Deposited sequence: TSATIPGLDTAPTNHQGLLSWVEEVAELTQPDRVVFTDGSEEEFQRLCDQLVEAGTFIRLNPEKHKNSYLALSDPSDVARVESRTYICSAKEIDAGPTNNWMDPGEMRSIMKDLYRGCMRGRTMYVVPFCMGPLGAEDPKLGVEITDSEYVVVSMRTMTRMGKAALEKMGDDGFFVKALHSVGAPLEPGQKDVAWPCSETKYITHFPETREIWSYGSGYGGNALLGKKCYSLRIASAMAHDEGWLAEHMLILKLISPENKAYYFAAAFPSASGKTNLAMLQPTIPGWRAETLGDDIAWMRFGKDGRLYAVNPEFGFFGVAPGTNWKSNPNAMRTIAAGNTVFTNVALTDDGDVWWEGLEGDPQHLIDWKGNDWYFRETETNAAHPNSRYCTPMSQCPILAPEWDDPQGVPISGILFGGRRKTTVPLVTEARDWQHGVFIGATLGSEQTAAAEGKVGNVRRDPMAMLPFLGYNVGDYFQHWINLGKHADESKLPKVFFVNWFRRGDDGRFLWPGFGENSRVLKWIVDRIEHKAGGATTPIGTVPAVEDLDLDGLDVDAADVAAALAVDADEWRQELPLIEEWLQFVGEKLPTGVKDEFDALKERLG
């Protein structure tokens, strides 16, 4: 195997040996994260048929990977929180007894890596200069994982040195579950029909088995950055959240940092890479998925734990998201389940042009106005370095983070929810987030329903407790947005996208005590007067509709919120109950 590994960390070496004895690889390979390693691994993946090297004229050092159509997303049905007691997973999570789960996976892992290299992948979440850098080591039988982890994390040498010879780290175990018999020819994308993605909150351990795709296998992405980190955050006094981190810059050259939690398909990526439509406003981004937030000597400071973008390809283009496009155009990018063009480039639905022929994500011939399937997979991916993004804010690699002025919650609601609402205080802010709905209407609290590492009720308690024990003057203000409200004809009342900068302007003004809003049953909501609609080609009546708080619609909302808070169960905080009662009192 390998006892020529660049580390004297005994606890790690013990663990690597123990795992290797169980899974039985051919060899063990510690990854360093160097450019050379990366090149060597891609070449091996090209030779295996897993990667196709894209035309070097068009893209620099970029690759297309096609997965088995069986292994194509996060599978929440097989994703588990195995805490000691079932209550500490809670009703939003799938639980199994820790002993029962260890019995199942230790059986599955026995001999699972026969005829494969076991890669040991050290990595760091957050910038490397931290007091407590949150480090991890992922073991995997998949080069795709290594290569992807290189981009999505600070991977290898640096992280391994930051670990020392003792010093804690997250033990993340992964295997594709497709062992080889001697002489047997492998497949391009090895996976299995048996899948498990398991989190051990108390020991900070992730065990994944069966998939090689995305957040099932890139264990930093969702398993570490939210599921373990939310448990870490609970115990340590901070927040691990499904939030973009936006830096908005006024015409006066003042920087306002925002954290915003939307469920996927509700607009994180677009807001994070906003191009303001008001003169003299510009925006930079620090992240479009995960925010790790802690109190400093005063306010709340956000960092992006990740080192890369794992973006959805379909729908991405020069009109929609030019900044995403430019990030990718610099190359160094692995595309997964997109289409291959006749000139050896990548294409996906939404992208510029109408290529008449393509080779689709299953390797088959695709044809314009004939082939009934999408050329690119509808959830296909691009994996690109953060540092290639032209609008990346300079503070991105600062371990101190950035002070958050505002936290935003929202989702897709055709009715009921106004364009923007400010919370009354913190506890109402927690309640707004806690009852976040999107479309019949699914509650996705803080956009964390699939990602909580512990009881949802205790998570809300945690959110309240941080406020209670802080200077309310220095806490961020909370806001609830809704880009997707619709009129009687069914069109969007608000055009959104870049024009959402106008809602953000109002949020900024409110922070500078320089704009107003009417007190309402659900919090403070602006009139059409209070928004910068200067230069906007929309009906004022449509904007008033968007900002309407109809008492009748909100009364019909109360039983949906009721059911939801009953579903949260016995750990529902009394703080959240009071806010439900208060909202009721105010609506009558």
_Deposited-sequence ranges lacking C-alpha coordinates, in sequence order_ = 1-6, 306, 447-456
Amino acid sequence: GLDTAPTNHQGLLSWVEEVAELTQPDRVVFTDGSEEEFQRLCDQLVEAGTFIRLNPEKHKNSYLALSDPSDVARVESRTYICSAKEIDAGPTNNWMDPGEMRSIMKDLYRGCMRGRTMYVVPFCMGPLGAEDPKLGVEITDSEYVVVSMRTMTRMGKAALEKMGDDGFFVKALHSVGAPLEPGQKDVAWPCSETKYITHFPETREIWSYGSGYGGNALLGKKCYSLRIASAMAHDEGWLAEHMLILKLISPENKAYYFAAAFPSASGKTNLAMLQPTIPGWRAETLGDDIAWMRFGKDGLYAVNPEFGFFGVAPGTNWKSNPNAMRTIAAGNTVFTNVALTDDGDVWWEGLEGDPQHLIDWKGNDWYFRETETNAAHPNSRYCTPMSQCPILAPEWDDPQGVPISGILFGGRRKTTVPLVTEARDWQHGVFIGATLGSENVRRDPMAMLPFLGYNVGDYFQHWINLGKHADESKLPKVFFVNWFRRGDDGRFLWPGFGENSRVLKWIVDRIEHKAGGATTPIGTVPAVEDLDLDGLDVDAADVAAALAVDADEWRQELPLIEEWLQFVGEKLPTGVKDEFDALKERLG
From here on, numbers count along this sequence of modelled residues.
*Taking only the CA atoms, which stretch has the higher mean B-factor in the record, 163-171 or 207-215?*
163-171
_On mean Cα temperature factor in this entry, is 320-328 or 258-266 the higher one?_
320-328
*Largest Cα B-factor, entry values, listed residues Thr198, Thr194, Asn304, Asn440*: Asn440
*Highest CA temperature factor in the entry: which of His242, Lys474, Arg381, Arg154?*
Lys474
*Among all modelled residues of this chain, ranked by Cα B factor, put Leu466 in the bottom, middle or top third, i.e. lowest, middle or highest.*
highest
*Could you say whether, by C-alpha temperature factor, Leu128 belongs to the lowest, middle or highest third of its chain?*
highest
*Thinking about Cα B factors across the chain, which third does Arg369 belong to?*
middle
*Quick one: classify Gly487 as lowest, middle or highest third of the chain based on its Cα B-factor.*
highest
*By its CA B factor, does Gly353 count among the lowest, middle or highest third of the modelled residues in the chain?*
highest
